[PDB]
Structures are given as structure tokens and as C-alpha cells.
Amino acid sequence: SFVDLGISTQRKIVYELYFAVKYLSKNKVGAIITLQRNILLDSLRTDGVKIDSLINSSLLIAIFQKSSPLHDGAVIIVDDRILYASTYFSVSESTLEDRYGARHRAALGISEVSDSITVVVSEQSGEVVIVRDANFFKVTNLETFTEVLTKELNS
């Protein structure tokens, strides 16, 4: 998991996610990006496309554009690799405030059955939340994104 990775790989992962999330939030492009940790997600997802790409912000941006056939569903990141795109989780049965949608219910569902950390970008507002252990954490100042994500990945 993340804590096992070398520091340069740790920093690369958060940096590429930051630059992708910055673009997606700014342009109000919806996204679900799940980082696997100790619980293997392979048996907790359905459908999707195996990509097995090195993590890169440009590719993550491309994946979630509306003209991309991969923009629906979730990206799964394992270590420094974008392993899957367009994969689907069992959504949470919990009810959320009206401002949240299916991306958040999906992120909540996978966080309920795993120790994964999920980043959601809202298509409506560009709002960015980090989802872990059935909890939301709003990231209103994206200049703190790198700090907050790293802390969550080390919990």
C-alpha cells in the first residue's frame, strides 16, 4: 500500500492526482478516483476496463472528459498505476444531502467495505471531497489537497 511505496513514488502519485483534480474541479468535470490500500478491491467492483497505466494527470483528465468512453464509473489506482477505469461499486444504502449524487453514494459504498480512499469531483459544482471509512472530507482550498490526501493515505 501507499505507506510501503518509496517517497518519490508517494510524491508522484499525490502530485499527479492534484493536477488532475485541479483541472477537473476548475472545469466542473465529474470524477471518481479510488485508491486501493490493504483491502483488495478486485472482488468489490464490476465491469470496467483494465488500463494498467502509470499514473499521470493528463491521462486522468482525458479519462473523465464527456467525449471519453471511460468517463462513467470509477478509476481504481493501485500503487502508482491507474489499474481500472469505468468500474462500478455497490452504492451505499445511506442517504446523503441533496447536493450529493450517485458518484458520492458510489464512493461511500466502496469506503464502507474497504480501507480505500476515494476522491470525488462533483460535476455540478466542481466540489472535491475525499471519502474514507464512510466519512466525507471537503477540500475547499485545493492548495491543501496534497496535504490532506497524503494524511489520509497514511492513516
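Start at 1 with the first residue shown and count on from there.
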Which has the higher mean CA temperature factor in the PDB entry, 96 to 104 or 82 to 90?
96 to 104
Higher average CA B factor in the deposited record is what I'm after, so tell me if that's 24 to 32 or 48 to 56.
24 to 32
What third of the chain, by the recorded C-alpha B-factor, contains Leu17?
lowest
For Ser43, the third of its chain into which the C-alpha B factor falls
highest
Chain-relative C-alpha B factor for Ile117 (record values, thirds): the middle
Chain-relative C-alpha B factor for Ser67 (record values, thirds): the middle
